[PDB]
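Novice: Sending over a structure as structure tokens; questions will come in a sec.
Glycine also receives a Cβ, built like all others from the backbone with ideal geometry; neighbour counts cover every protein chain displayed. Laboratory data are not the source of any read-out in this text; all were calculated from the coordinates shown.
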Amino acid sequence: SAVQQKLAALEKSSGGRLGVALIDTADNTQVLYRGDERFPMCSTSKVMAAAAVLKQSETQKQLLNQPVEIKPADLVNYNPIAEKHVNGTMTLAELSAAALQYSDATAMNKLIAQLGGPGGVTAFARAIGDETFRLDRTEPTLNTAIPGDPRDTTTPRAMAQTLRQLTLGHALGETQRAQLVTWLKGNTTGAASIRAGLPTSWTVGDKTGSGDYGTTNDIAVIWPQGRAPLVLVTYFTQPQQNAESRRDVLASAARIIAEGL
Ligand SMILES: [Cl-]
Ligand SMILES: [Zn+2]
């Protein structure tokens, strides 16, 4: 496809390895670039953890309003919300909101712990049919993206399918699916990533991520005008450990998709 040649050219000029999956829910067609290669997830795994806690809340009444103690030992690499609550509490809803909308790493670690560790997040992935996602570590090590290391990786194909199931399908209950979509739509970190490659009138929920090896990621559900929603995942990582983040490459991938399909 013309899209696949533009994505190959984008990668060639990019200084890294690019992975893209787009699902068009109008006809359930898929466009993939390196769609079955593993990529480090970095912050984008926060969507799985928040979703897994939402699933817990379907049978545990008021779980989202349960206070969770924030302790000094919980603070990790980026704690914009939790660092205002040490020796206080945050509810699981507030922790999910902080992880998703501010990428709060302490909040992520509280969610992972609420699920019984990284295996609990992975078990939720398996329960909703994702055989590929794996979470192996916790913050701050989730931000380390060693090339070839399969820990804390997924494939673009699998993340797009899972994101679709969570936000547009039936993986979650109706109230929970709406809450996840609301959280994603209120993300504060995405202005320079997929959103920067889309028409401003299209509605977007997204979760970015970044880590070392210049790893720069974003996963999005898009509601265009005039057509059915899209699910777009863009993963990018580079050969040098201290490579610079390339949110602009993800914006380019989003523009190719927005204009070519
Ligand atoms: Cl992370
Ligand atoms: Zn992190």
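Novice: Across region 51-69, which residue is nearest to ligand 2 (Cβ to nearest atom) among those that are assigned to a helix (DSSP H, G or I) and polar (S, T, N, Q)? Please lay out each step first, then the result.
Specialist: First pass over region 51-69, keeping only residues assigned to a helix (DSSP H, G or I): 51-57, 63-65.
Keeping just the survivors that are polar (S, T, N, Q) gives 56-57, 65.
Details: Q56: 22, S57: 23, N65: 25 Å.
Checked region 51-69; the qualifying residue nearest to ligand 2 (Cβ to nearest atom) is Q56.
Novice: Hey, another quick one. I want to confirm something. Restricting to region 111-136 and keeping residues that are surrounded by fewer than 17 Cβ atoms within 10 Å (Cβ to Cβ) and charged (D, E, K, R), which single residue is nearest to ligand 1 (Cβ to nearest atom)?
Specialist: Of everything passing the filter in region 111-136, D136 is nearest to ligand 1 (Cβ to nearest atom).
Novice: I've got another one for you. Within region 203-240, take every residue that is in contact (Cβ under 8 Å) with a residue 24 or more places away in the chain, more than 16 Å from ligand 2 (Cβ to nearest atom) and in a loop (DSSP other than H, G, I, E, B) and give me the one that is farthest from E37 (Cα to Cα).
Specialist: Per the criteria, the residue is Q225.
Novice: Only one residue in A160, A145, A192 is surrounded by fewer than 18 Cβ atoms within 10 Å (Cβ to Cβ) and of a type in the set (A, V, I, L, M, F, W, C). Which one?
Specialist: Matching residue, one of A160, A145, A192: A192.
Novice: So is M108 crowded, with 17+ Cβ neighbours inside 10 Å and in contact (Cβ under 8 Å) with a residue 60 or more places away in the chain or not? Reasoning before the result, please.
Specialist: Details: crowded, with 17+ Cβ neighbours inside 10 Å: yes; in contact (Cβ under 8 Å) with a residue 60 or more places away in the chain: yes.
It is true that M108 is crowded, with 17+ Cβ neighbours inside 10 Å and in contact (Cβ under 8 Å) with a residue 60 or more places away in the chain.
Novice: Kindly provide the set of residues from region 191-202 that are touching a residue at least 12 places away in the same chain (Cβ under 8 Å) and either among the charged types (D, E, K, R) or farther than 17 Å from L7 by Cα (or both), ordered by number.
Specialist: Answer for region 191-202, where residues must be touching a residue at least 12 places away in the same chain (Cβ under 8 Å) and either among the charged types (D, E, K, R) or farther than 17 Å from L7 by Cα (or both): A192, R195, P199, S201, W202.
Novice: Hey, among the residues in region 129-141 that are under 15 Å from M159 (Cβ atoms) and in contact with a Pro (Cβ under 9 Å, 6 or more places away or on another chain), which one's nearest to ligand 2 (Cβ to nearest atom)?
Specialist: Here the answer is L135.
Novice: Restricted to region 51-104, and to residues that are more than 16 Å from ligand 1 (Cβ to nearest atom), touching a residue at least 60 places away in the same chain (Cβ under 8 Å) and of a type outside the set (A, V, I, L, M, F, W, C), which residue is surrounded by the fewest Cβ atoms within 10 Å (Cβ to Cβ)?
Specialist: Filtering region 51-104 for residues that are more than 16 Å from ligand 1 (Cβ to nearest atom), touching a residue at least 60 places away in the same chain (Cβ under 8 Å) and of a type outside the set (A, V, I, L, M, F, W, C), the one surrounded by the fewest Cβ atoms within 10 Å (Cβ to Cβ) comes out as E58.
Novice: So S45 passes all but one of these: (1) in contact with a strand residue (DSSP E or B) (Cβ under 9 Å, 6 or more places away or on another chain); (2) among the small types (G, A, S); (3) surrounded by 24 or more Cβ atoms within 10 Å (Cβ to Cβ); (4) over 20 Å from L230 (Cα atoms). Which condition number does it fail?
Specialist: Only one criterion in (1) in contact with a strand residue (DSSP E or B) (Cβ under 9 Å, 6 or more places away or on another chain); (2) among the small types (G, A, S); (3) surrounded by 24 or more Cβ atoms within 10 Å (Cβ to Cβ); (4) over 20 Å from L230 (Cα atoms) is unmet by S45, namely (4).
Novice: Need pairs with beta-carbon distance below 7 Å; first residue without any contact (Cβ under 8 Å) to a residue 60 or more places away in the chain and within region 249-261, second hydroxyl-bearing (S, T, Y) and not in a loop (DSSP other than H, G, I, E, B); sequence gap 6+ or separate chains.
Specialist: Pairs that qualify, where the first residue is without any contact (Cβ under 8 Å) to a residue 60 or more places away in the chain and the partner is hydroxyl-bearing (S, T, Y) and not in a loop (DSSP other than H, G, I, E, B), are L250/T216; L250/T234.
Novice: Additional query: What are the residues in region 7-50 that are more than 16 Å from ligand 1 (Cβ to nearest atom), part of a helix (DSSP H, G or I) and in contact (Cβ under 8 Å) with a residue 60 or more places away in the chain, if any?
Specialist: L7, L10
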